[PDB]
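I have placed the structure first, in the form of structure tokens, so that the comments after it can refer back to it.
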Amino acid sequence: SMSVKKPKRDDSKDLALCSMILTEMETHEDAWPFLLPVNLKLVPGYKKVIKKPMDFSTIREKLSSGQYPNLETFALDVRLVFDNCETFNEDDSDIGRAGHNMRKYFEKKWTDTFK
């Protein structure tokens with residue numbers, strides 16, 4: 001509350017560390033469904049169904065331009081990529097499996113780096 005604070009966590013490396021995680025996500029062999037924004041002209045139903053499209057290139061641009069105020073907002077966008085994927089793609093499909101794989105990959109890096 002006012003004048004009552006927990007000890008200050010060092011957040012000075014967060015930006016660099018989220019960048020490193022994102023690089024690792026970008027270079028994973030199963031990243032291909034997520035590298036670029038879904039083409040809303042060429043994929044029927046995507047625009048109407050997925051209210052907040054997100055992809056790794058868009059996260060990278062937001063990260064590089066100071067549009068994440070903290071590491072929780074960064075994680076929310078990464079998770080949105082996978083939540084969107086599950087919304088639109090059957091589990092038993094290449095893209096559906098890719099999304100589950102990438103989510104697991106992310107969540108381990110996230111825990112190992114920050115928890």
Side-chain angles (χ1 to χ4, degrees), residues 1-7 9-12 14-114:
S1 69
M2 194 184 329
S3 308
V4 185
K5 292 299 179 321
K6 294 191 185 58
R9 187 195 164 254
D10 181 8
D11 62 341
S12 60
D14 287 359
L15 185 61
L17 283 163
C18 288
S19 183
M20 292 171 53
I21 297 170
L22 182 58
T23 297
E24 293 166 356
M25 274 192 313
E26 291 166 333
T27 58
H28 193 291
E29 73 163 294
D30 301 340
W32 59 268
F34 312 114
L35 293 173
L36 298 172
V38 176
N39 183 333
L40 301 178
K41 304 170 189 302
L42 307 177
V43 181
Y46 209 84
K47 189 169 203 296
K48 185 61 177 275
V49 174
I50 300 294
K51 300 308 180 168
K52 289 172 73 161
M54 187 52 57
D55 68 283
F56 293 169
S57 77
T58 302
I59 296 173
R60 172 67 73 187
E61 180 65 32
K62 286 178 69 169
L63 191 63
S64 293
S65 62
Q67 295 187 59
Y68 292 114
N70 53 54
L71 81 170
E72 301 318 320
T73 61
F74 169 82
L76 281 167
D77 271 355
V78 176
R79 291 166 180 150
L80 178 63
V81 171
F82 310 124
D83 291 345
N84 290 346
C85 181
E86 277 197 54
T87 290
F88 210 77
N89 295 264
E90 278 293 343
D91 291 343
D92 189 11
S93 68
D94 296 271
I95 291 171
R97 280 182 288 276
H100 290 289
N101 285 354
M102 294 301 310
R103 181 195 300 274
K104 180 87 178 171
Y105 189 72
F106 171 65
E107 295 297 349
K108 167 131 154 77
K109 306 281 182 188
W110 193 245
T111 292
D112 289 356
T113 301
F114 296 114

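Counting from 1, the numbers follow the sequence of the chain as shown. Both backbone and side-chain heavy atoms feed into the values below; hydrogens, waters and symmetry mates do not.
Closest approach of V43 to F88, counting heavy atoms only: CG1-CE2, 3.9 Å. Considering every non-hydrogen atom in both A98 and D30, the closest pair reads CB-O, 3.7 Å. Here the shortest heavy-atom pairing between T87 and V49 reads CG2-CG1, 4.1 Å. Minimum heavy-atom separation, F114 to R9: CD2-NH2, 3.6 Å.
At least one donor-acceptor pair under 3.5 Å links the side chain of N70 to the backbone N or O of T73. The backbone N or O of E107 lies less than 3.5 Å from a partner atom in the side chain of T111, making a donor-acceptor pair. The closest donor-acceptor contact from the side chain of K47 to the backbone of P44 lies at 3.5 Å or more, if one exists at all. The backbone N or O of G96 lies less than 3.5 Å from a partner atom in the side chain of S93, making a donor-acceptor pair. Side chain of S64 to backbone of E61: no donor-acceptor contact under 3.5 angstrom is found.
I95 and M102 fall into different hydrophobic clusters, where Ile, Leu, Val, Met, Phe, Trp and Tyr residues are linked whenever their side-chain heavy atoms come under 4.5 Å apart, directly or through other members. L22 and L35 fall within the same hydrophobic cluster, defined by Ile, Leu, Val, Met, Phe, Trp and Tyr side-chain heavy atoms under 4.5 Å apart, directly or through other members. Hydrophobic clustering (ILVMFWY, side-chain heavy atoms < 4.5 Å, transitive): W110 and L76 are in distinct clusters. Residues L80 and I50 do not share a hydrophobic cluster, defined by chaining ILVMFWY side chains whose heavy atoms lie under 4.5 Å apart. The hydrophobic clustering, which links ILVMFWY residues whose side-chain heavy atoms are closer than 4.5 Å, places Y46 and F34 apart.
In this structure, CZ on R79 lies 7.0 Å from CD on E72, to the nearest 0.5 angstrom. From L17, atom CG reaches atom OG1 of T113 across 6.0 Å, with rounding to the nearest 0.5 Å. In this structure, CG on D14 lies 7.5 Å from OG on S12, to the nearest 0.5 angstrom.
A cation-pi contact links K109 to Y105, judged by a cut-off of 6.0 Å to the six-membered ring centre and 45° from its axis.
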- request: Walk me through it: do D83 and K52 pass the test salt bridge (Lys or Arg N to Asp or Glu O under 4.0 Å)?
  value: CA-CA 10 Å; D83 291 345; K52 289 172 73 161; over 6 Å; no

message: For a side-chain hydrogen bond (donor to acceptor under 3.5 Å, both in side chains) check, start with the C-alpha distance between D77 and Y68, then their side-chain angles and the critical distance, and finish with the verdict.
response: CA-CA 10 Å; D77 271 355; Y68 292 114; 2.6 Å; yes

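Side-chain contact check for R60 versus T23: some heavy-atom pair is nearer than 4.5 Å. Residues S19 and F74 fail the side-chain proximity criterion, which asks for heavy atoms closer than 4.5 Å.
Within 6.0 Å of the CG atom in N39, the count of heavy atoms belonging to other residues, nucleotides or ligands exceeds 12.
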